[PDB]
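Encoded as structure tokens, the following chain is the form deposited in one PDB entry, with no partner shown.
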């Protein structure tokens, strides 16, 4: 299978060779988020997580309230059953038994290297569903479903506050920071300690601007390695890139994937993992020029640590 491309591997995260061999065999260009969550749950790295007598029976009961079911003709007798379900309880923000809370902390300690390896395997194959693993990576940091309200990321945003936001058509983090003092204090019925934690989050939440330059557009030759420059600007230089997350109990640094690809062909042409630590920065990507004709290409700038802060740009090329 490893006729894989070295230049299409963005990170240096590591796990056992056993797990890498298993992941490579288990993932394809059609893998879904649910498939990837299952595959991740099978990592031998989780064998250090406790599995007690009675846990499976307790997990079966818990599973009633979770949206995704464990694969049908697969034994529920291993730690993978626990990992698959507790990670969903994490996304759903279910209150857990103290003992399952302990196991969840142990699980979360191992997830970042594992999800990054999933991204790297898919991207090394040129598979655009690497972006599906990126979606899952975001959920693992903020502890929120990709189908739930993205405002849930902000500390102390309970159901009452979410409904007050809906009533005035406030939907994004940027809508929150745009609010006038009196309307802001109307919705944010929170204590002093709580308000400071909202403030910490909103000030650190990224707002990036994506541009590019492609030298000699509409004069490209098929097959030749082509360079493209990607620039990303922030309003001011960040004082630190330490991620604010209520739910992820370990230190995390803000990182981004820069992705070039073509949606209609489900193909990833190039990828790069970057830190946007400056007011402005640019990066050079290299790809093989596709066949003769018109192609619609997209650049994505995807954050590993927050939801709804990603940026994308589409453009047309003509290969002679």
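Think of the rigid core as the biggest set of C-alphas that the two forms share within 1.5 Å after superposition. Numbering follows the first chain given and starts at 1. Only residues modelled in both forms are compared.
The same protein also has a form deposited in another entry, omitted here; what follows describes it.
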{"property": "Residue 10 C-alpha relocation of at least 2 Å between the shown form and the other one, rigid core basis", "result": "yes"}
{"property": "Cα distance between residue 9 and residue 111, which in the other entry differs by 3 Å or more from this form, closer or farther", "result": "closer"}
{"property": "Comparison of CA distance in the other entry with shown form for residue 48, residue 11, at least 3 Å", "result": "closer"}
{"property": "Segments of at least three residues whose Cα atoms shift by 2 Å or more between the shown form and the other one, after superposing on the rigid core", "result": "1-14"}
